[PDB]
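Q: I have a structure here, written as structure tokens, and I will follow up with some questions on it.
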Amino acid sequence: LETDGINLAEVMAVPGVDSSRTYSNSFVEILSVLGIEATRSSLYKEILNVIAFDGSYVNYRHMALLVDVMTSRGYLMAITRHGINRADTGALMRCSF
Amino acid sequence: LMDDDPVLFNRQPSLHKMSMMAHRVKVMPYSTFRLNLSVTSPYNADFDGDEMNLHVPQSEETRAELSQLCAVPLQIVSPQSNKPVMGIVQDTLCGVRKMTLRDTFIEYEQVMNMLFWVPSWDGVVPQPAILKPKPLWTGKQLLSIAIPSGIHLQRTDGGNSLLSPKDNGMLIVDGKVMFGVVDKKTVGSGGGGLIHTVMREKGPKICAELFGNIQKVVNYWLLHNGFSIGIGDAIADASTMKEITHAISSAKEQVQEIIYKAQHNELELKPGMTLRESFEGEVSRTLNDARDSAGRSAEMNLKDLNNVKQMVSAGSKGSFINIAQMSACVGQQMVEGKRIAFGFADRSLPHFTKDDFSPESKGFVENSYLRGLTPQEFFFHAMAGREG
Amino acid sequence: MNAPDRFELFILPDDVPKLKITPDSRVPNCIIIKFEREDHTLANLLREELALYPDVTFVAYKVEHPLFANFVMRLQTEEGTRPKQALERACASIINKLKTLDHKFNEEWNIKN
Amino acid sequence: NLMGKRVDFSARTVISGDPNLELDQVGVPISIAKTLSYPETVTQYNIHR
Amino acid sequence: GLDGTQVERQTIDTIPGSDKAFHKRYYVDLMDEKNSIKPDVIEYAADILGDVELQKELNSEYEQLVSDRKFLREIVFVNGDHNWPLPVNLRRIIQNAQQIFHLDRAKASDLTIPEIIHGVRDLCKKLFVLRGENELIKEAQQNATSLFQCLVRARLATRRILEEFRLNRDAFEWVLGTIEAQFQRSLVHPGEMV
Amino acid sequence: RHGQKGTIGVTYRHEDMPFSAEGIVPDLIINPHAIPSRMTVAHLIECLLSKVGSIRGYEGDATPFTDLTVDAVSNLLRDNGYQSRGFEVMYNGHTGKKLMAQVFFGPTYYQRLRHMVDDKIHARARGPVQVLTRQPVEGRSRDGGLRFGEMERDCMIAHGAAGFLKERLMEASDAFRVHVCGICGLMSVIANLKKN
Amino acid sequence: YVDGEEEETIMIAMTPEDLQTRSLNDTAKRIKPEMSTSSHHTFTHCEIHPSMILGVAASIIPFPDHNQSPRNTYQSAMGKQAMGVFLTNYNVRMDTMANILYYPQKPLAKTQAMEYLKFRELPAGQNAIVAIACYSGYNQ
Amino acid sequence: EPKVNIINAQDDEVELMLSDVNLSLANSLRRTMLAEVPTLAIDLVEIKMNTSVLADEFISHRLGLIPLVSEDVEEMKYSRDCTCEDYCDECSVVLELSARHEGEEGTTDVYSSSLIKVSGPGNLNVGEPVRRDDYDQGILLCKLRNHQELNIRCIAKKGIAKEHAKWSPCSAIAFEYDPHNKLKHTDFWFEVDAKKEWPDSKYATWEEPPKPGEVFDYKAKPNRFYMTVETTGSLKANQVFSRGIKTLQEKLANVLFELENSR
Amino acid sequence: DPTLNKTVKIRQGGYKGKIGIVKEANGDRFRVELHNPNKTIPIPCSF
Amino acid sequence: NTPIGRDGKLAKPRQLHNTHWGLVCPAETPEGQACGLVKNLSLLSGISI
Amino acid sequence: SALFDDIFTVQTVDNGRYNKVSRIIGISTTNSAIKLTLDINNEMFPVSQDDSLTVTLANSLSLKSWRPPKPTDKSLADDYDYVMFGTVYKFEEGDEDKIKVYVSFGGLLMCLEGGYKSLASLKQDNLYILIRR
Amino acid sequence: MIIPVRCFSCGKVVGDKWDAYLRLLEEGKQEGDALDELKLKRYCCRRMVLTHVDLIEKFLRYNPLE
RNA sequence: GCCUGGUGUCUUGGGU
Ligand SMILES: [Mg+2]
Ligand SMILES: [Zn+2]
Ligand SMILES: [Zn+2]
Ligand SMILES: [Zn+2]
């Protein structure tokens with residue numbers, strides 16, 4: 001089955017549903033339900049699907065590198081000023097963005 | 001500045017690291033920068049007015065950094081997709097398919113020139129494929145001179161046997177082509193092709209000579225064979241057109257049936273879709289399959305000698321859809337992922353009546369570019385084109 | 001601004017020899033002849049003539065770049081004959097054929113006059 | 001001015017293709033070649049040159 | 001630990017096929033004569049059959065291959081895909097060895113069985129990504145090359161070395177040295193702005 | 001007039017061009033690969049129509065949305081002694097040997113655009129600087145220097161050419177020497193170098 | 001005269017020939033639409049000529065109905081950059097920049113609308129003899 | 001052994017068949033006549049007055065293209081090889097032109113027939129602008145209206161077409177061989193039937209068609225080359241063919257000289 | 001030097017008979033800005 | 001000229017709308033930032049006085 | 001002085017794909033299950049169906065840099081009409097007596113099928129093929 | 001601007017045939033026939049005369065600037 | 001008798 005809209009926690013508990021394999025394309029919700037390591041795999045799956053769709057192929061290590069940066073703090077750091085410049089990096093580096 | 005000084009060469013926008021590679025200067029008359037043609041691809045350069053930038057290192061330390069890290073042969077394989085980003089292109093790629101056809105033969109007098117055109121040639125003329133009644137070499141033998149020894153590559157296209165009736169696949173043993181037309185699948189930029197293989201076995205220096213050797217042989221041979229294209233090559237014969245016209249005529253009838261069913265409540269609803277979405281979806285699938293079917297008919301009728309077919313088959317420019325649109329049917333025009341909208345009240349143009357959902361009303365261009373477009377079709381084509 | 005002088009196609013600089021012969025010692029009895037300030041016009045004429053001689057085993061030429069009026073010819077002969085001598089023979093043959101050819105045109109021309 | 005800036009020893013012009021150049025070569029117009037320069041240090045091995 | 005320019009799609013041959021086709025390809029039976037190695041490819045064929053001590057190695061070989069296939073099919077590559085980007089392409093290295101040493105011939109090979117099994121097993125300890133004797137490093141070093149070791153063992157299996165590739169003593173020692181040298185060359189270089 | 005634009009790649013004198021049997025040589029050779037993916041079929045038809053037009057002596061009417069067909073133009077052309085699709089046998093100029101393929105050949109209207117190379121070529125060794133930044137000035141008309149932008153910076157990082165990047169942005173541009181105080185770290189030092 | 005608002009309420013035939021029904025099978029020429037959704041049409045107006053939908057720049061293109069649509073846009077831009085003879089009094093005007101082609105020729109393939117744009121009287125280009133061929137590889 | 005058969009002839013074009021030679025020799029003769037047969041042509045224009053509507057170098061450019069009688073040019077030296085100080089009578093011809101329109105109405109057309117030879121290497125027949133008849137005004141150079149004057153001095157020099165196309169004595173050179181394609185050097189493009197769709201050569205009746213049974217003679221070579229040399233009147237057609245052969249001889253002779261001197 | 005910027009005619013070489021102006025006269029080798037093509041040439045003083 | 005800007009992406013003022021037929025040219029429009037916003041009157045257009 | 005010799009009847013001549021090459025299949029008149037598949041140049045050596053062809057395979061024509069043959073010397077090829085030189089690229093040690101030998105003459109391909117006793121000597125690096133009549 | 005001296009493509013002189021061409025058009029000959037009478041047989045030469053535009057007649061109308 | 005300075009801020013139109 002596939003749904004419009006999400007409620008990952010409640011749907012997992014429903015008898016009949018294989019509770020060990022249910023997947024959502026909102027990784028923000030995955031983080032709240034399954035934790036940071038599951039978010040890593042889900043983030044990778046969603047990026048790869050985008051790139052591979054128009055037949056392109058990017059070697060694993062590049063997409064892997066991007067998602068480790070996005071999950072190293074334990075929460076999702078967006079690639080915007082609100083994420084990037086909340087780091088303990090030097091002021092000259094941060095002000096250049 | 002003098003011969004063999006390294007300089008950094010660069011075209012904007014610098015989207016990835018092979019936008020900046022080190023080249024060796026050769027001073028020449030006339031005011032343009034000259035590039036060997038096989039580097040146009042990584043720069044995404046062409047010669048329609050593009051400009052490029054050159055930077056000269058100013059010390060002993062940076063000259064060495066350029067030649068040992070940034071130099072062109074080191075950049076042949078890119079880390080982006082573990083495959084080459086440079087291959088044989090355009091004229092040389094079109095020509096190398098023609099030259100390595102099974103029935104290309106070259107007499108002795110021309111063969112001697114071609115061997116001498118290879119800078120890396122060892123001076124040993126190879127024995128002709130035919131000794132009697134007249135010495136004749138095949139194209140595959142002379143191309144093989146440009147490939148260094150010790151190179152083995154095997155590829156199977158469509159489960160071919162070692163007897164290769166269709167002259168497809170590829171087999172290379174000790175740097176000599178046993179069988180197989182050489183096309184985009186072997187000397188293009190694809191992974192696992194010829195260029196990738198020479199790089200692993202021989203290193204970047206030898207692999208850089210491979211580009212130069214192949215180019216000098218093929219462009220000479222192609223100069224004396226010639227190649228052209230004309231208006232004749234877009235024209236399918238009268239028998240094929242009636243097939244073409246029938247498949248489009250029958251597709252317009254099926255679209256009529258769909259309109260009838262949807263208006264008489266006899267149409268199946270697709271999951272997740274309203275009636276009008278389902279209706280619009282089914283019509284679009286029918287019309288795109290109609291053009292592909294008509295395109296397939298036009299393609300198969302074209303003889304092997306037809307010049308449009310030779311470029312499509314080589315992979316050097318063009319694809320199936322281009323044969324289809326020049327000769328058979330331009331097909332459905334799309335805007336914002338949907339058919340042409342009713343920008344007038346309930347109609348697409350003031351030359352139609354309201355509530356007309358037929359193919360011609362909502363942007364199906366029946367004619368080919370050869371035949372010429374009608375005025376209604378023309379505007380719709382300009383709408384789709386503008387969006388691009 | 002960077003166009004070269006057009007007269008440089010045929011006028012020889014004083015420090016530049018019209019003709020230069022070097023050996024190709026990698027194989028026996030092979031020379032490289034570099035022709036300065038010449039074209040396909042001269043080169044193709046010599047090449048075919050040479051190829052019909054029985055003692056020439058290899059002859060070829062290339063114009064390496066059309067923006068420079070030169071070409072280089074490679075000539076290998078069998079052990080008996082010396083390549084440079086064979087080139088002289090090819091030259092004299094063609095001068096003779098053109099002398100004959102000029103004569104026969106003159107005769108035919110007066111008849112139509 | 002700091003993350004990027006204008007620089008000396010640069011040049012720019014229209015490009016053309018040439019099949020009779022090696023892969024790693026670039027043909028450079030004479031006029032450009034007389035304006036750009038490289039500072040070569042004088043040693044015992046090149047002083048005569 | 002690898003550089004992106006140095007990998008190519010290679011097939012890992014212990015993943016596809018049925019258990020029967022697998023067993024046909026990899027198993028050596030020194031008891032049942034018709035399921036042993038063909039006699040015309042080895043010189044020492046007489047001293048082979050019946051040897052229980054040589055059968056202990058070949059059993060340990062096949063048991064190792066069974067572990068790999070079970071690990072890869074149930075944990076690593078659940079969907080059965082067996083073509084994957086991997087370092088240093090063994091197929092090309094072998095067919096080059098066939099050319100240098102003219103490895104045509106039915107001339108029975110002088111390459112003994114214990115040289116093969118011990119040769120390959122010793123190779124997998126020299127594929128150094130990280131050096132140092134610390135206990136954690138050795139675990140990390142073994143983990144980094146787990147997939148590649150399976151790839152090597154799937155190719156340099158006893159039956160394939162002898163029946164299919166037909167290597168002799170000179171060529172096989174060369175193949176081991178080349179794999180060892182090229183794997184080192186395929187490591188990413190420190191300082192790379194990845 | 002069909003969006004098929006190009007720059008001159010080389011020039012050839014009269015006798016090196018390919019020629020037709022009548023001794024007509026082209027003024028200009030464009031590339032066959034420009035046609036199939038761009039699908040400028042009108043360019044070919046214009047060539048065909050203009051061939052007919054120059055033989056019979058009039059300017060063909062090429063207005064869009066008329067009854068003129070390719071076959072009608074082709075019929076006229078064959079009746080004048082030329083192959084009906086516009087092809088002609090041609091001969092290689094270097095050797096005199098025939099080309100194995102025949103070449104589409106005929107008049108086409110070409111237009112000279114304003115972009116000429118001697119209006120674009122530019123080089124700078126050293127030269128004038130801005131008063132404010134002491135960096136090279138902007139623009140061809142002022143002997144300016146090319147911009148080493150943010151994206152070119154990134155490419156040199158990817159190459160790992162750290163030494164080259166340092167030199168470009170200092171010695172080859174606006175390098176300056178300052179004095180600092182080892183205690184307070186400010187550029188407040190007053191340095192008279194002849195008095196030391 | 002009709003404007004955009006009144007155009008919404010009228011029914012326009014594309015050419016005079018479409019005003020009357022007809023009695024072909026020429027495999028080269030273009031297919032005319034069937035128009036079988038309405039049984040009988042009641043036309044109120046007719047286009048004077050459909051080629052007048054183009055503007056000044058696009059009217060210089062011979063056969064625009066045979067081109068992929070972006071090429072007509074690209075030529076409409078480039079046409080404004082092509083040297084010709086911008087006026088006949090160039091010797092007495094002192095403009096910042098002016099370009100005059102030495103030997104303008106009128107094109108062998110023209111359109112009817114060019115008569116009024118004066119293009120044959122002030123042409124901007126030359127008829128080159130063109131071979132489409134792969135020659136030395138200096139035209140890739 | 002080379003044979004020639006002249007099919008037609010007149011002052012400014014010779015049509016001829018060339019036979020029993022190699023393809024390369026026929027082609028080298030074609031190239032030599034276009035590119036290396038010397039002629040005489042204006043190469044320096046001194047404008048003392050030009051008040052016409054045409055730009056100075058525009059008029060000068062047209063002057064360079066005017067064909068001049070070049071019959072005795074072989075005895076004349078190149079300017080670059082003459083031992084003299086500036087020009088003189090041995091290396092140049094001087095021409096002068098002066099036109100003017102008096103009257104407030106009408107247009108004075110300046111024609112190439114107003115070019116007056118002033119000096120020249122007497123008594124060699126060189127330097128007069130070529131004329132068809134005696135009442136032929138010749139080539140249009142300029143047009144003048146009331147008070148506009150053109151007074152120029154032109155220096156004509158010996159040159160070859162390699163330097164600039166104005167020195168070429170030929171126009172087109174028609175050239176073909178093997179009208180029925182017996183050698184199979186071309187592979188014909190066709191839609192339905194190759195023979196009906198390709199026109200016949202204008203020399204189709206000078207050779208016999210291939211017989212319907214006939215096998216392919218893989219030893220046959222090209223052997224008959226029909227060519228027509230048109231000229232601009234700067235040289236007569238018979239002179240161009242003769243001097244083409246002569247010029248090609250000295251070039252080969254010069255190569256032969258250098259080998260016997262380099263030892 | 002007394003001959004800079006004065007008009008000059010060339011009496012030997014490939015540019016014999018052409019007008020020019022002395023642009024730079026450092027020593028032995030002059031720089032004449034030729035009138036006829038837009039080029040400034042290096043030339044010896046004997047010419 | 002339509003004075004909408006360069007601020008505001010989308011497509012609606014830039015698209016060739018159906019009602020442009022016969023009033024502005026379907027082909028003539030600049031490349032780049034002004035694309036689709038600057039238009040040109042068809043040959044037979046007029047403007048009400 | 002040769003490695004193989006036999007006479008073949010031509011069963012099929014496939015033109016189709018090319019104008020100058022045809023594929024021929026033949027079976028030995030004297031020994032069935034010995035089959036020959038061979039590409040040949042049409043214009044130089046036209047063959048028809050049911051033609052009898054003597055096919056010899058040698059590893060040398062003597063009774064590295066190719067030279068135009070002198071008219072004075074003499075080789076095995078003086079008595080044949082059509083000679084080709086090629087590379088053996090597959091030696092199939094097949095089932096009971098199914099042996100196939102694949103040779104490439106510059107992309108003109110040959111498959112020779114037959115028995116071990118007839119073809120054991122053909123395990124060579126290079127082969128000439130000589131065709132008579 | 002004014003009739004070119006030479007055909008661009010082949011070099012045959014055509015600058016002496018412009019006056020003869022205008023006179024033939026007054027006598028009612030068609031363009032193709034007029035070119036035929038002048039012996040301009042190759043179509044490279046024909047384009048030169050058929051498509052030239054004579055602008056110099058317009059520039060002369062601007063009353064001389066001395 | 002060596003050194004040797006010619007603007008900026010915008011706007012608009014273009015090129016890839
Ligand atoms: Mg571009
Ligand atoms: Zn301080
Ligand atoms: Zn003199
Ligand atoms: Zn002409």
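Chain labels run A, B, ... following the order of the structure tokens; each chain numbers its residues from 1, and ligands are numbered from 1 in the order shown.
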Restrict the distance test to only C-alpha atoms, flag each residue of chain K within 12 Å of chain H, and return the flagged residues as a PDB file with C-alpha atoms, in the first residue's frame.
A:
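Heads up, here's the output in result19.pdb:
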ATOM      1  CA  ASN K  19      27.197  -4.457 -51.111  1.00  0.00           C
ATOM      2  CA  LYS K  20      30.716  -5.887 -51.165  1.00  0.00           C
ATOM      3  CA  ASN K  42      31.907 -10.149 -53.719  1.00  0.00           C
ATOM      4  CA  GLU K  43      33.598  -7.963 -56.324  1.00  0.00           C
ATOM      5  CA  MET K  44      36.975  -9.704 -56.254  1.00  0.00           C
ATOM      6  CA  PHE K  45      35.758 -13.291 -56.053  1.00  0.00           C
ATOM      7  CA  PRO K  46      32.098 -13.656 -57.065  1.00  0.00           C
TER       8      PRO K  46
END
Q: List every residue of chain H that has an atom at most 12 Å from any atom of ligand 4, giving for each one its closest atom pair and the distance in Å to one decimal, counting only C-alpha atoms and all ligand atoms, sorted by chain and then by ascending residue number, as JSON lines.
A:
{"residue": "H:171", "atom": "CA", "partner": "ligand 4", "partner_atom_place_in_ligand_line": "1 (Zn)", "distance": 8.7}
{"residue": "H:172", "atom": "CA", "partner": "ligand 4", "partner_atom_place_in_ligand_line": "1 (Zn)", "distance": 8.2}
{"residue": "H:173", "atom": "CA", "partner": "ligand 4", "partner_atom_place_in_ligand_line": "1 (Zn)", "distance": 11.7}
{"residue": "H:230", "atom": "CA", "partner": "ligand 4", "partner_atom_place_in_ligand_line": "1 (Zn)", "distance": 12.0}
Q: How would the residues just chosen look if you wrote them out with C-alpha atoms as a short mmCIF file (atom, residue, chain, number, x, y, z; two decimals), in the first residue's frame?
A:
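Ended up saving to out_8.cif:
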data_model
loop_
_atom_site.label_atom_id
_atom_site.label_comp_id
_atom_site.auth_asym_id
_atom_site.auth_seq_id
_atom_site.Cartn_x
_atom_site.Cartn_y
_atom_site.Cartn_z
CA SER H 171 38.58 31.63 -63.24
CA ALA H 172 36.93 28.25 -62.90
CA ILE H 173 38.63 25.08 -64.07
CA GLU H 230 38.79 29.55 -68.66
#
Q: Within 6 Å of ligand 1, counting only C-alpha atoms (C1' of nucleotides) and all ligand atoms: which residues, as a VMD selection string?
A: (chain B and resid 46 48 to 50) or (chain M and resid 16)
Q: Go ahead and save the residues from that selection, with N, CA, C and O atoms (P, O5', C5', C4', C3', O3' and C1' of nucleotides), as a PDB file, in the first residue's frame.
A:
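Result file follows (selection_34.pdb):
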ATOM      1  N   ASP B  46      31.783  24.938 -27.012  1.00  0.00           N
ATOM      2  CA  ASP B  46      31.713  24.756 -28.445  1.00  0.00           C
ATOM      3  C   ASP B  46      32.229  26.036 -29.080  1.00  0.00           C
ATOM      4  O   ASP B  46      32.766  26.908 -28.395  1.00  0.00           O
ATOM      5  N   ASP B  48      30.703  28.414 -31.108  1.00  0.00           N
ATOM      6  CA  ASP B  48      29.695  29.308 -31.639  1.00  0.00           C
ATOM      7  C   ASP B  48      29.819  30.722 -31.098  1.00  0.00           C
ATOM      8  O   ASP B  48      28.841  31.469 -31.116  1.00  0.00           O
ATOM      9  N   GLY B  49      31.000  31.104 -30.623  1.00  0.00           N
ATOM     10  CA  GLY B  49      31.177  32.392 -29.985  1.00  0.00           C
ATOM     11  C   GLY B  49      31.718  32.373 -28.574  1.00  0.00           C
ATOM     12  O   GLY B  49      32.031  33.456 -28.064  1.00  0.00           O
ATOM     13  N   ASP B  50      31.726  31.219 -27.895  1.00  0.00           N
ATOM     14  CA  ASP B  50      32.360  31.015 -26.591  1.00  0.00           C
ATOM     15  C   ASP B  50      33.723  31.672 -26.472  1.00  0.00           C
ATOM     16  O   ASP B  50      34.498  31.697 -27.425  1.00  0.00           O
TER      17      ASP B  50
ATOM     18  P     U M  16      25.176  33.941 -28.016  1.00  0.00           P
ATOM     19  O5'   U M  16      26.010  33.196 -26.895  1.00  0.00           O
ATOM     20  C5'   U M  16      27.209  32.521 -27.208  1.00  0.00           C
ATOM     21  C4'   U M  16      27.726  31.777 -26.011  1.00  0.00           C
ATOM     22  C3'   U M  16      26.781  30.783 -25.365  1.00  0.00           C
ATOM     23  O3'   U M  16      26.749  29.537 -26.039  1.00  0.00           O
ATOM     24  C1'   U M  16      27.750  32.150 -23.695  1.00  0.00           C
TER      25        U M  16
END
Q: Residues near residue 2 in chain D, anyone? I mean within 12 Å using only C-alpha atoms (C1' of nucleotides), not counting same-chain ones fewer than 5 positions away, as a ChimeraX atom specification.
A: /A:92-93,96 /D:7 /F:133,135,147-150,153,169-170,173-174
Q: Counting only C-alpha atoms (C1' of nucleotides) and all ligand atoms, which protein, DNA or RNA residues come within 7 Å of ligand 3, given as JSON, numbers by chain?
A: {"H": [79, 82, 84, 87, 88, 89, 90, 91, 92]}
Q: Against ligand 2, which residues of chain F fall within 9 Å? For each one I want the closest pair of atoms and the distance in Å (one decimal), counting only C-alpha atoms and all ligand atoms, rows by chain and increasing residue number, as a Markdown table.
A:
| residue | atom | partner | partner_atom_place_in_ligand_line | distance |
| --- | --- | --- | --- | --- |
| F:180 | CA | ligand 2 | 1 (Zn) | 7.6 |
| F:181 | CA | ligand 2 | 1 (Zn) | 4.5 |
| F:182 | CA | ligand 2 | 1 (Zn) | 6.6 |
| F:183 | CA | ligand 2 | 1 (Zn) | 5.1 |
| F:184 | CA | ligand 2 | 1 (Zn) | 4.1 |
| F:185 | CA | ligand 2 | 1 (Zn) | 6.2 |
| F:186 | CA | ligand 2 | 1 (Zn) | 6.2 |
| F:187 | CA | ligand 2 | 1 (Zn) | 8.2 |
| F:188 | CA | ligand 2 | 1 (Zn) | 6.7 |
| F:189 | CA | ligand 2 | 1 (Zn) | 7.5 |
Q: Mind dumping the selected residues with N, CA, C and O atoms as a PDB file, in the first residue's frame?
A:
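Result file follows (result-v7.pdb):
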ATOM      1  N   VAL F 180      52.763  44.474  12.486  1.00  0.00           N
ATOM      2  CA  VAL F 180      51.878  44.340  13.630  1.00  0.00           C
ATOM      3  C   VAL F 180      52.685  44.360  14.922  1.00  0.00           C
ATOM      4  O   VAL F 180      53.885  44.083  14.945  1.00  0.00           O
ATOM      5  N   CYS F 181      52.001  44.707  16.007  1.00  0.00           N
ATOM      6  CA  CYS F 181      52.590  44.726  17.338  1.00  0.00           C
ATOM      7  C   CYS F 181      52.403  43.350  17.943  1.00  0.00           C
ATOM      8  O   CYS F 181      51.290  42.817  17.934  1.00  0.00           O
ATOM      9  N   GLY F 182      53.481  42.765  18.450  1.00  0.00           N
ATOM     10  CA  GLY F 182      53.386  41.437  19.038  1.00  0.00           C
ATOM     11  C   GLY F 182      52.567  41.352  20.311  1.00  0.00           C
ATOM     12  O   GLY F 182      52.224  40.241  20.726  1.00  0.00           O
ATOM     13  N   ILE F 183      52.240  42.483  20.927  1.00  0.00           N
ATOM     14  CA  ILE F 183      51.538  42.485  22.199  1.00  0.00           C
ATOM     15  C   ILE F 183      50.045  42.664  21.982  1.00  0.00           C
ATOM     16  O   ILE F 183      49.243  41.822  22.394  1.00  0.00           O
ATOM     17  N   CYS F 184      49.664  43.745  21.309  1.00  0.00           N
ATOM     18  CA  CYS F 184      48.262  44.058  21.103  1.00  0.00           C
ATOM     19  C   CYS F 184      47.717  43.596  19.766  1.00  0.00           C
ATOM     20  O   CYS F 184      46.501  43.650  19.569  1.00  0.00           O
ATOM     21  N   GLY F 185      48.561  43.125  18.854  1.00  0.00           N
ATOM     22  CA  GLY F 185      48.050  42.521  17.640  1.00  0.00           C
ATOM     23  C   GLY F 185      47.432  43.451  16.620  1.00  0.00           C
ATOM     24  O   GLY F 185      46.830  42.972  15.658  1.00  0.00           O
ATOM     25  N   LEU F 186      47.521  44.756  16.809  1.00  0.00           N
ATOM     26  CA  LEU F 186      46.947  45.716  15.885  1.00  0.00           C
ATOM     27  C   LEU F 186      47.982  46.147  14.859  1.00  0.00           C
ATOM     28  O   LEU F 186      49.184  45.958  15.040  1.00  0.00           O
ATOM     29  N   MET F 187      47.498  46.693  13.746  1.00  0.00           N
ATOM     30  CA  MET F 187      48.374  47.255  12.721  1.00  0.00           C
ATOM     31  C   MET F 187      48.734  48.701  13.030  1.00  0.00           C
ATOM     32  O   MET F 187      48.717  49.560  12.149  1.00  0.00           O
ATOM     33  N   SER F 188      49.072  48.992  14.279  1.00  0.00           N
ATOM     34  CA  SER F 188      49.349  50.335  14.755  1.00  0.00           C
ATOM     35  C   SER F 188      50.823  50.666  14.770  1.00  0.00           C
ATOM     36  O   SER F 188      51.230  51.579  15.494  1.00  0.00           O
ATOM     37  N   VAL F 189      51.628  49.981  14.013  1.00  0.00           N
ATOM     38  CA  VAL F 189      53.056  50.224  14.109  1.00  0.00           C
ATOM     39  C   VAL F 189      53.394  51.363  13.169  1.00  0.00           C
ATOM     40  O   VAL F 189      52.907  51.434  12.037  1.00  0.00           O
TER      41      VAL F 189
END
Q: Do you know which residues are at most 8 Å from range 43-53 of chain L counting only C-alpha atoms (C1' of nucleotides), after dropping those on the same chain fewer than 6 positions away, and could you put them as a ChimeraX atom specification?
A: /F:24,51,54-55,57-58 /G:103-108,120-121,123,127,129 /L:1-4,7-10,12,14,18,31,35
Q: With C-alpha atoms kept, could you save the residues just selected as a compact mmCIF listing (two decimals), in the first residue's frame?
A:
# COMPACT_ATOMS: atom_id res chain seq x y z
CA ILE F 24 32.31 25.66 -58.97
CA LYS F 51 19.52 26.63 -56.48
CA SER F 54 19.45 31.07 -59.62
CA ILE F 55 19.30 28.69 -62.59
CA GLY F 57 16.59 33.49 -62.86
CA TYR F 58 14.08 34.59 -60.25
CA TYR G 103 28.50 44.49 -51.34
CA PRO G 104 24.99 43.77 -50.04
CA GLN G 105 22.95 41.31 -52.07
CA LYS G 106 19.25 40.70 -51.96
CA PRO G 107 18.38 37.13 -50.94
CA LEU G 108 17.42 34.48 -53.49
CA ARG G 120 15.37 43.93 -50.94
CA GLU G 121 16.29 47.63 -51.17
CA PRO G 123 19.72 44.09 -47.72
CA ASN G 127 24.56 34.74 -50.84
CA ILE G 129 27.89 29.15 -52.10
CA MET L 1 26.87 49.07 -53.35
CA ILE L 2 28.18 48.89 -56.88
CA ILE L 3 28.55 45.76 -59.05
CA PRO L 4 31.46 43.57 -57.89
CA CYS L 7 32.31 36.61 -58.98
CA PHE L 8 33.15 35.74 -55.38
CA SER L 9 33.06 31.97 -55.86
CA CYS L 10 34.84 31.32 -59.17
CA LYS L 12 35.04 35.20 -63.62
CA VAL L 14 31.32 40.23 -64.07
CA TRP L 18 26.07 45.36 -65.50
CA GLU L 31 16.08 37.61 -66.12
CA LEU L 35 21.87 36.10 -68.07
Q: Using only C-alpha atoms (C1' of nucleotides), find each residue of chain J with at least one atom at most 10 Å away from an atom of chain M; report its shortest atom-to-atom pair and that distance in Å (one decimal), sort the rows by chain and rising residue number, and return the result as JSON lines.
A:
{"residue": "J:30", "atom": "CA", "partner": "M:14", "partner_atom": "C1'", "distance": 9.7}
{"residue": "J:31", "atom": "CA", "partner": "M:14", "partner_atom": "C1'", "distance": 9.5}
{"residue": "J:32", "atom": "CA", "partner": "M:14", "partner_atom": "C1'", "distance": 9.9}
